[PDB]
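# An overview of the molecular structure
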Amino acid sequence: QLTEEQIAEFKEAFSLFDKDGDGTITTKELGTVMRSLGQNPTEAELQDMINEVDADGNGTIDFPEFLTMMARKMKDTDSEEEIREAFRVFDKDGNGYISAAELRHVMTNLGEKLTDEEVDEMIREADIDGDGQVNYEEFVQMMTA
Amino acid sequence: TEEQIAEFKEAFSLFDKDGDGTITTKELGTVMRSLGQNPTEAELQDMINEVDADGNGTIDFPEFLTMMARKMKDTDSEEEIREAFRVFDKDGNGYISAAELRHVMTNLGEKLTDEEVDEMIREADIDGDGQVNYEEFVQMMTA
Amino acid sequence: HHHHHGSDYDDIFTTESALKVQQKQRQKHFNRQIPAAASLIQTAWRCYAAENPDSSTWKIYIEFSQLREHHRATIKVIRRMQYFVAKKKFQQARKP
Amino acid sequence: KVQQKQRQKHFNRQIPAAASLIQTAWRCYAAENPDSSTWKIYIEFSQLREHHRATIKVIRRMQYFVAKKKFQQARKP
Ligand SMILES: [Ca+2]
Ligand SMILES: [Ca+2]
Ligand SMILES: [Ca+2]
Ligand SMILES: [Ca+2]
């Protein structure tokens, strides 16, 4: 799970958000990087992002806290079942299938709003269609390997 | 064609920060220096003198279009490349040594990075034991 | 400040619209889940796609796709000039 | 046949010229292919890309963990 330049990798990444050299990542530090290129996060959203990473509650992130977050993982865990039940919210029939056109809607018109070309990638990675099928159980274990 | 004329217009503006419709040596030198290269006034003069057809010392947009529209994949110039290969080939037939290729590609002319000639060599996929047939390569560059 | 068992059955409380109106509470509750579930799928996939260096979730960043398209454009033009120079200089070299 | 020094020096100028023709021709061929990287010879821009993707990957997963926690609250009665 840990190698030589996995560490050097993260050290450089931390320095990209910390233009300060102080070893600290503030909301202004984070807000600038997102605002740099190229989205528009409010002054909110940022605290949430930081409060989920900051573990000692001093409002900012240091390198160990930054490490802990990427030590943290998605596929090596259960949370495959957390994604799954997020899918179940939209599946009305009860079957393991969600409509192909329905997926298009929820990915583009809700939440973080993915682009048209992005969901094309989802749909070509899909390779599933009776009517159009998209068994969301295979999508889950696609993301988690 | 629609697509590409707009594309060429944008590319021309990339070299002409001036908006005057001309490309000078210092303009060209700046672009290459920004890309981490260190060209000289001679090489820039050569580059421009091969493009500028009216002898004013600089390149307009029509002159720029003529070079972009210029043939490259042609009946005449893959034979120009093939005989360049014939220079390094001593034996007389059609193979150049795989090791020999790496030597001349990396140590002569514009040089070339080892990763770049790896791309050549895996684009190869020819080996008697370690030998590359070059006319196959020129026809790869020319499709 | 005392207490003893009174034992009286009849009720004049008139007590039981909190039945079908407490429904509303559990509809607001599900209504919260829809944005949250959509965001989880989106943020999970954008982490998946991000590990793929060419798969275009990178095109959602306009300035940089711009910057790359400009980058490649400059190189191609330069490289073609260097070709035509290398082309002419070679037939100079060969003519006796 | 002493005038061979002229005929050899003539050939001596052909070697750099041939090598360049091959290199300039291939670099035009490699350039049309956007991933296949002759582009890694441009250091600062390749670094700029790696810096770019690094920033995104980090950001995108902070957003994941936020989306993760917010969903767990949405589920909990
Ligand atoms: Ca700081
Ligand atoms: Ca902290
Ligand atoms: Ca000009
Ligand atoms: Ca001119």
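Counting starts from 1 on each chain and follows the sequence as written, independent of the entry's numbering; residues without coordinates are not shown. Throughout, the order in which chains and ligands are written sets their labels, letters from A for the former and numbers from 1 for the latter. Computation of side-chain values covers all heavy atoms of the structure but excludes hydrogens and water. Residues with missing side-chain atoms are left out of burial classes, side-chain pairs and their counts.

Listed as the method for this PDB entry is X-ray crystallography; the listed resolution is 2.86 Å.

A few words on the overall build of chain C. Looking only at helices and strands, one finds 2 helices and 0 strands in chain C. For the radius of gyration, the atom set is restricted to C-alpha positions; the globular benchmark scales as 2.2 Å times the number of residues to the power 0.38. Its C-alpha atoms give chain C a radius of gyration of 38 Å, more than 25% over the compact-globule value 12 Å for 96 residues. Helical segments are the DSSP runs of H or I of at least four residues, strand segments are the runs of E of at least two, and each set is numbered from the N terminus.

This next bit is on the interface of chain D and chain C. Note on contacts: a residue pair qualifies if any of its non-hydrogen atoms lie within 4.5 Å across the two residues. Taken together, the contact between chain D and chain C spans 37 residues of the former and 37 residues of the latter. Every element with two or more residues in the side of chain D that touches chain C is listed here: helix 2 (14-31) and helix 3 (43-75) of chain D. Per-element tally for the side of chain D that touches chain C: the top contributor is helix 3 of chain D, with 17 residues. When residues are sorted by character, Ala, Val, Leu, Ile, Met, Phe, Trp, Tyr, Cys and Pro go into the nonpolar class, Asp, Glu, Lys and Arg into the charged class, and all the rest, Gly among them, into the polar class. Tallied by class, residues from the side of chain D that touches chain C come to 18 nonpolar, 7 polar and 12 charged.

Turning to the packing of aromatic side chains, a few remarks are in order. Summarising the aromatic geometry, the rings of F14 of chain A and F63 of chain A are spaced 5.6 Å apart at their centres and angled 70° between planes, so their arrangement reads as edge-to-face. Taken together, the residues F14 of chain A in helix 1 (residues 4-17) and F63 of chain A in helix 4 (residues 63-71) connect sequence positions 49 residues apart. When the ring of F87 of chain A is compared with that of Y136 of chain A, the centres are 5.4 Å apart and the planes differ by 5°; the resulting orientation is stacked. Linking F87 of chain A in helix 5 (residues 80-88) with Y136 of chain A in helix 8 (residues 136-143), this pair joins segments that are 49 residues apart in sequence. An aromatic cluster of at least three residues, connected via ring pairs, comprises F8, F12, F61 and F64 of chain B. By the criterion adopted, a ring carries a charge over it if an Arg CZ or a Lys NZ lies within 6 Å of its centre and within 35 degrees of its normal. A cation over a ring is seen here: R72 of chain A above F65 of chain D, with NZ or CZ 4.0 Å from the ring centre. The criterion for an aromatic pair is that two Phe, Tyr or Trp rings (for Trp, the six-membered ring) have centres within 6.5 Å, with stacked assigned to planes under 30 degrees apart, edge-to-face to planes over 60 apart and tilted to the rest.

So, on to the UniProt feature "binding site: Ca(2+) 4" in chain B. All names here are of chain B. The sites that carry the UniProt feature "binding site: Ca(2+) 4" are, in the present numbering, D125, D127, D129, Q131 and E136. Looking at the element boundaries, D125 is found in the loop between helix 7 (114-124) and strand 2 (131-133). Summarising the element assignment, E136 is placed in helix 8 (residues 134-141). Leaving out residues up to four positions away in the same chain, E136 has contacts with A124 and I126. UniProt positions are given in the numbering used here, feature names are shortened, and annotations may be inferred rather than shown by experiment.

Attention now goes to the pattern of salt bridges. One speaks of a salt bridge when a side-chain nitrogen belonging to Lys or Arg is within 4 Å of a carboxyl oxygen belonging to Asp or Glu. Here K68 of chain D ties to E82 of chain A by a salt bridge, and the two come within 4.0 Å at their closest N and O atoms. With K68 of chain D in helix 3 and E82 of chain A in helix 5, this residue pair bridges two chains. In this structure, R46 of chain C engages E118 of chain A in a salt bridge whose closest nitrogen and oxygen atoms are separated by 3.0 Å. In this pair, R46 of chain C is assigned in helix 1 (residues 25-50) and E118 of chain A in helix 7 (residues 116-126), connecting two distinct chains. Through salt bridges that share partners, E112 and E118 of chain A together with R46 of chain C make up one connected network.

All names here are of chain B. Its domain assignment divides chain B into domain 1 (1-76) and domain 2 (77-139). For the domains described, the bounds stem from an automatic or database domain assignment. Here domain 1 and domain 2 have C-alpha centroids that lie 29 Å from each other. Contacts between the two partners involve 4 residues from domain 1, matched on the other side by 4 residues from domain 2. Its residues assigned to classes, the side of domain 1 that touches domain 2 shows 1 nonpolar, 1 polar and 2 charged.

Moving on to the interface of chain B and chain C. Counting residues at the interface gives 27 residues for chain B, matched by 18 residues for chain C. Of all the secondary-structure elements, those providing two or more residues to the side of chain B that touches chain C are helix 1 (2-15), helix 2 (25-34), helix 3 (41-51), helix 4 (61-68) and helix 5 (78-88) of chain B. When residues of the side of chain B that touches chain C are assigned to their parent elements, the largest contribution, 5 residues, is made by helix 5 of chain B. Of the residues that constitute the side of chain B that touches chain C, the class distribution is 17 nonpolar, 1 polar and 9 charged.

Residues and elements named next belong to chain B. Those places that UniProt annotates as "binding site: Ca(2+) 2" correspond, in this numbering, to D52, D54, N56, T58 and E63. Looking at the secondary structure, you find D52 in the loop between helix 3 and helix 4. Not counting the four nearest positions on each side in its chain, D52 is found in contact with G57, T58, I59 and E63. Inspection of the secondary structure puts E63 in helix 4. In contact with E63, other than residues within four places in its own chain, are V51, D52, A53, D54, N56 and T58. We call two N or O atoms a polar contact when they sit within 3.5 Å, provided that within protein one can donate a hydrogen and the other can accept it, with sequence-adjacent residues counted only if both atoms are side-chain atoms. Polar contacts involving the side chain of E63 include one to the main-chain amide nitrogen of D54, which spans 3.1 Å.

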